[PDB]
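Reviewing the structure listed below.
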Amino acid sequence: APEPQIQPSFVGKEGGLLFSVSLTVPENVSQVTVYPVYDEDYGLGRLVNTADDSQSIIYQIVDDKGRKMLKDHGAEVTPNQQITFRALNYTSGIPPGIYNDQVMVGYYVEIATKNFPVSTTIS
């Protein structure tokens with residue numbers, strides 16, 4: 001399982017792109033999910049500004065069709081292909097900084113779960 005990469009969104013809007021995670025699909029993997037764990041049940045995460053405790057951003061992660069990703073529901077994939085997931089702002093309607101959070105990547109081979117730190121820049 002090669003490492004996913006972060007693509008910053010260089011946002012304060014509802015449904016606004018926050019960042020992207022794209023990865024290469026391993027051999028024998030037929031489904032991939034990337035999902036937040038701040039509110040696992042509802043597939044919501046929380047970005048926190050490293051330089052300011054009081055600033056956060058609630059987000060959901062979606063596939064290419066704008067569908068929400070959960071632990072038990074990922075996008076169908078073909079081995080060796082690339083897939084991109086997008087974190088979208090879940091807040092209603094943002095000061096710059098480095099925002100942190102943790103997500104998971106699930107590979108359906110039997111499922112393999114991997115922890116993936118997220119660190120991204122809001123301009």
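By convention here, the chains of the structure tokens are called A, B, ... in the order presented, each chain's residues are numbered starting at 1, and ligands are numbered starting at 1 in the order presented.
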- Excluding residue A:37 and residues on its chain fewer than 4 positions from it, collect all residues at most 12 Å away from it, counting only C-alpha atoms, and give them as a ChimeraX atom specification. /A:41-47,58-61,69-71,101-105,115-118
Next, dump the selected residues to file, keeping only N, CA, C and O atoms, as a compact mmCIF listing (two decimals), in the first residue's frame.
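Once everything was written out, this is again_39.txt:
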# COMPACT_ATOMS: atom_id res chain seq x y z
N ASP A 41 -19.28 7.56 12.74
CA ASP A 41 -20.62 7.17 12.33
C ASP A 41 -21.18 7.97 11.15
O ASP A 41 -21.87 7.42 10.31
N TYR A 42 -20.85 9.26 11.10
CA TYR A 42 -21.39 10.15 10.08
C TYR A 42 -20.34 10.61 9.08
O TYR A 42 -20.59 11.51 8.28
N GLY A 43 -19.16 10.01 9.14
CA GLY A 43 -18.09 10.33 8.22
C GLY A 43 -17.73 11.80 8.22
O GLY A 43 -17.57 12.41 7.17
N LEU A 44 -17.61 12.36 9.42
CA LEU A 44 -17.19 13.75 9.55
C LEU A 44 -15.86 13.84 10.28
O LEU A 44 -15.59 13.08 11.21
N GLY A 45 -15.02 14.77 9.84
CA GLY A 45 -13.75 15.01 10.50
C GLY A 45 -13.65 16.46 10.93
O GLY A 45 -14.56 17.25 10.71
N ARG A 46 -12.52 16.81 11.53
CA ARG A 46 -12.32 18.16 12.03
C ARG A 46 -10.88 18.60 11.84
O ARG A 46 -9.96 17.98 12.36
N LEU A 47 -10.68 19.67 11.09
CA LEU A 47 -9.35 20.23 10.92
C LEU A 47 -9.14 21.28 11.99
O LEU A 47 -10.03 22.10 12.24
N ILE A 58 -15.16 21.59 10.05
CA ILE A 58 -15.79 20.28 9.90
C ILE A 58 -15.86 19.95 8.42
O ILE A 58 -16.19 20.80 7.60
N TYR A 59 -15.55 18.71 8.06
CA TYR A 59 -15.54 18.33 6.66
C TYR A 59 -15.99 16.89 6.44
O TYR A 59 -15.93 16.07 7.35
N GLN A 60 -16.45 16.61 5.23
CA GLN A 60 -16.75 15.25 4.82
C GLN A 60 -15.87 14.92 3.62
O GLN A 60 -15.46 15.81 2.87
N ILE A 61 -15.58 13.63 3.44
CA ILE A 61 -14.79 13.19 2.30
C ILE A 61 -15.67 12.47 1.28
O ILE A 61 -16.46 11.60 1.64
N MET A 69 -17.91 9.29 1.89
CA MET A 69 -17.18 8.07 2.24
C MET A 69 -17.29 7.72 3.72
O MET A 69 -17.05 8.57 4.59
N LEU A 70 -17.63 6.47 4.00
CA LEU A 70 -17.63 5.95 5.37
C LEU A 70 -16.72 4.73 5.46
O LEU A 70 -16.20 4.25 4.46
N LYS A 71 -16.55 4.23 6.68
CA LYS A 71 -15.63 3.12 6.92
C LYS A 71 -16.02 1.85 6.16
O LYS A 71 -15.16 1.05 5.78
N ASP A 101 -5.49 17.06 10.87
CA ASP A 101 -6.46 16.05 11.28
C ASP A 101 -5.95 14.67 10.87
O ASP A 101 -4.94 14.55 10.17
N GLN A 102 -6.65 13.63 11.33
CA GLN A 102 -6.30 12.25 11.03
C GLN A 102 -7.45 11.59 10.28
O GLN A 102 -8.62 11.74 10.66
N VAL A 103 -7.13 10.86 9.21
CA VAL A 103 -8.14 10.07 8.52
C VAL A 103 -7.67 8.63 8.37
O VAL A 103 -6.57 8.28 8.82
N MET A 104 -8.50 7.79 7.76
CA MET A 104 -8.16 6.38 7.54
C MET A 104 -8.29 6.05 6.07
O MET A 104 -9.10 6.64 5.36
N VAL A 105 -7.48 5.10 5.61
CA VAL A 105 -7.67 4.54 4.28
C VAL A 105 -7.98 3.05 4.42
O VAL A 105 -7.25 2.31 5.08
N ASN A 115 -3.77 4.29 8.89
CA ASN A 115 -3.90 5.63 9.46
C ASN A 115 -3.10 6.62 8.63
O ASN A 115 -1.94 6.39 8.30
N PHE A 116 -3.73 7.74 8.29
CA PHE A 116 -3.07 8.73 7.45
C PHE A 116 -3.23 10.14 8.01
O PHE A 116 -4.31 10.71 7.96
N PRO A 117 -2.13 10.70 8.54
CA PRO A 117 -2.11 12.07 9.05
C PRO A 117 -2.40 13.05 7.93
O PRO A 117 -1.85 12.90 6.83
N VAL A 118 -3.24 14.03 8.19
CA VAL A 118 -3.51 15.08 7.22
C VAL A 118 -3.02 16.43 7.72
O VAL A 118 -3.40 16.88 8.81
Using only C-alpha atoms, which residues of stretch 10-36 of chain A come within 7 Å of stretch 88-98 of chain A, and what is the closest atom pair for each, with the distance in Å to one decimal? Give it as a Markdown table, sorted by chain and residue number.
| residue | atom | partner | partner_atom | distance |
| --- | --- | --- | --- | --- |
| A:12 | CA | A:94 | CA | 5.4 |
| A:13 | CA | A:93 | CA | 5.3 |
| A:14 | CA | A:89 | CA | 5.4 |
| A:15 | CA | A:89 | CA | 4.9 |
| A:16 | CA | A:89 | CA | 4.9 |
| A:17 | CA | A:88 | CA | 4.6 |
| A:18 | CA | A:88 | CA | 5.4 |
- Message: I want to know what sits within 7 Å of stretch 62-64 of chain A, based on only C-alpha atoms, with residues of the same chain fewer than 2 positions away left out; could you give that as an MDAnalysis selection string?
- Response: chainID A and resid 60 66:69 75 84:87
- Kindly indicate which residue among A:1, A:51, A:108, A:82 lies nearest to residue A:21, using only C-alpha atoms for the distances.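 Between A:1, A:51, A:108, A:82, the residue approaching residue A:21 most closely is A:82.
Near residue A:112, within 12 Å and counting only C-alpha atoms, sit residues 1, 26, 28, 29, 30, 31, 32, 33, 34, 71, 72, 104, 105 and 106 of chain A, not including residues fewer than 6 positions from it in the same chain.
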- Test item, strand (DSSP E or B) assignment across stretch 64-123 of chain A, answer as a ChimeraX atom specification: /A:68,70,73,75-76,82-89,97-108,111-122
- Message: List the spatial neighbours of residue A:99 as JSON, numbers by chain - criterion: any atom at most 7 Å away, only C-alpha atoms, same-chain residues fewer than 4 positions off excluded.
- Response: {"A": [47, 48, 49, 50, 119, 120, 121]}
Output file for the selection above: C-alpha atoms, as a short mmCIF file (atom, residue, chain, number, x, y, z; two decimals), in the first residue's frame:
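In the end it all went to again.cif:
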data_model
loop_
_atom_site.label_atom_id
_atom_site.label_comp_id
_atom_site.auth_asym_id
_atom_site.auth_seq_id
_atom_site.Cartn_x
_atom_site.Cartn_y
_atom_site.Cartn_z
CA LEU A 47 -9.35 20.23 10.92
CA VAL A 48 -7.66 22.24 13.64
CA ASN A 49 -5.37 25.21 13.12
CA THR A 50 -1.97 24.43 14.64
CA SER A 119 -1.67 18.42 7.22
CA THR A 120 -2.75 21.12 4.76
CA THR A 121 -2.58 24.86 4.06
#
- Query: How far is it from atom CA of residue A:38 to atom CA of residue A:73, in Å with one decimal?
  - Reply: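 Distance reported for this atom pair: 17.0 Å.
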- Query: Hey, can you check how far atom CA of residue A:25 sits from atom CA of residue A:80?
  - Reply: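 According to the coordinates, atom CA of residue A:25 and atom CA of residue A:80 are separated by 5.1 Å.
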